[PDB]
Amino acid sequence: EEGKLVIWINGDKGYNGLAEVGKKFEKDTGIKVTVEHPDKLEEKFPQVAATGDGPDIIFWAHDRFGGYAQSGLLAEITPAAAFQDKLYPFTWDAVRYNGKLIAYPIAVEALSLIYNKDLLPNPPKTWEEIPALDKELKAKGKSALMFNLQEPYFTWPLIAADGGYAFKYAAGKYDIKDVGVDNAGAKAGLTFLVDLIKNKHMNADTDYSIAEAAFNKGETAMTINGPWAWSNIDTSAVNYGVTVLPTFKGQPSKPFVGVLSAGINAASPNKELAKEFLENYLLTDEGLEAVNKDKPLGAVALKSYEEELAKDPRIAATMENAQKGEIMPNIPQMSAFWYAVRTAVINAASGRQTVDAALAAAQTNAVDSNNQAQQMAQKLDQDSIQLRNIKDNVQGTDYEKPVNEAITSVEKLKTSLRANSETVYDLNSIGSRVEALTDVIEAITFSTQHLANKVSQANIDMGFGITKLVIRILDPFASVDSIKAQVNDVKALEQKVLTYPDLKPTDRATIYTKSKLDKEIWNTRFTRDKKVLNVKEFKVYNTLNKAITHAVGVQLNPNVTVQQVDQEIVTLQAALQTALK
């Protein structure tokens, strides 16, 4: 509406300097400006500006905004010369798309490496120096490095140093057939990172808040972030540097440089009131100090303030980083690229995939599969291909009902983004639900390969605990945290069970230990039909067929002890060998 103001910015930037300028605005001109910080605000801005609803001005790195021209969601913009001289013209170049300048350059972000000067005389300017410093600090009681291992923005400098790239620019355009994510020095960086978590130099589970927690409480020796994050380190009491990132393979690290930009809503009649706040009270000195006292913007586009905070050696080494990197593309195919790359670092540092197999899926997805949605549908199809697979395998078991509900769940989520769009489920939770399905699968996998040699209550608990997970996975009531906490219980349950007494060779043998004699029966009939059936003469077929009927009799018995089964399998793999003359 015309009276109130709403701005969408990210809850890691100076939103609490953007409220301030709101009150240096209401208390001046009779227009209140109360400022929001939605979650996922870059991926809801599509599905709500297609309904004529959105904040009055949207703030993000310039790389999404250009998809907001391929659906018209942003409005054209035009200031005067005494103002396009007031900022730097290369940031005007970031928001330009098809001539039509479609947003306001506020400031220029860049990931810069942050260390501890109390711990470290001088940081390792080369990335290979660092594993030799974690195994040193793996004695002092501290770590070496943590940063967000969950959004690909943070890994992309390493990947890019030896020559990973998003899209090759070629005499005017980016070539959307020439993606550089599965190239050679891509694989170098990704592989190099894998090892460090692997050698417990980092942890594959580190996210934003945990790494911001870690470096500031001061356990780990280093971190990496934008300038929005010095705020909470200014706020805590760690003595740092802010340096160039290390050089992996003698080449610098190359961060994707973001321009924090301010578009303007598509269907907005507030377009007049928008381009007033943004120039007079924010994009100035008085305004930029308030947003920068809160969460530093690094290098502010505004020549008058950039030249002030330029003496700041943290910003002079933010720039040193942002010139060794590359201003991102704003083309709409970026989104599809990021998510494609997001999946691979998740899937590598974890282990679900090898560095090469990841990057090749990531490349294919980037060159064509430009649907943020169709990528998820793929991951689920793989799960159900494997869920359906693990079903026939492990069934009649304590795990049938967790399996079959997950299968139903892998199919419920899939429509929720396709032709259904009813979505009993909230949007923030989609990705969390789907990644949790990977966590369900790995628990069905853990439980079938390590618990089957125990008392059935070990297998009872996990059986129930995986069903609890698929339930929260399917509950519209469960929020993103309600799920993650449930996912860490199923991981917590896997330790609890291993405490239980292993089965005892006199005990009534559990289905699982009868699941082992049954696999020998299937192996022996398959080997028998293949290498005996016509092959050797029937007198010896008969006196193997009996050892099957006998070995079946042992697992139709309910009162069979473990020991009575163990020695029955020895029979077959000495009676199938007896029938190998």
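Residues carry their position along the shown sequence, with the first being 1.
Participant: Using only C-alpha atoms and the B-factors in the entry, which stretch averages higher, 235-243 or 404-412?
Facilitator: Comparing 235-243 with 404-412, the higher average CA B-factor belongs to 235-243.
Participant: Compare the mean C-alpha B-factor of 214-222 with that of 251-259 as given in the PDB entry, and name the stretch with the higher value.
Facilitator: Of 251-259 and 214-222, the stretch with the higher C-alpha B-factor average is 214-222.
Participant: Out of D439, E286, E326, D162, which one has a C-alpha B factor higher than all the others in the entry?
Facilitator: The C-alpha B-factor peaks, among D439, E286, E326, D162, at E286.
Participant: If you compare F192, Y115, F154, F167, which has the highest Cα B-factor in the entry?
Facilitator: Answer for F192, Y115, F154, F167: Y115, with the highest C-alpha B-factor.
Participant: Please rank the C-alpha B-factors of the chain's modelled residues and tell me whether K187 sits in the lowest, middle or highest third.
Facilitator: Tercile = lowest for this residue's CA B-factor.
Participant: Just say lowest, middle or highest third for the CA B-factor of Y174 relative to the other modelled residues in its chain.
Facilitator: CA B-factor rank for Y174: lowest third.
Participant: Taking the chain's C-alpha temperature factors as the reference, tell me which third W230 falls into: lowest, middle or highest.
Facilitator: Its C-alpha B-factor belongs to the highest third of this chain's values.
Participant: Taking the C-alpha B-factors as the PDB entry records them, is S421 in the lowest, middle or highest third of its chain?
Facilitator: Its C-alpha B-factor belongs to the highest third of this chain's values.
Participant: Taking the chain's C-alpha temperature factors as the reference, tell me which third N10 falls into: lowest, middle or highest.
Facilitator: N10: CA B-factor falls in the lowest third of its chain.
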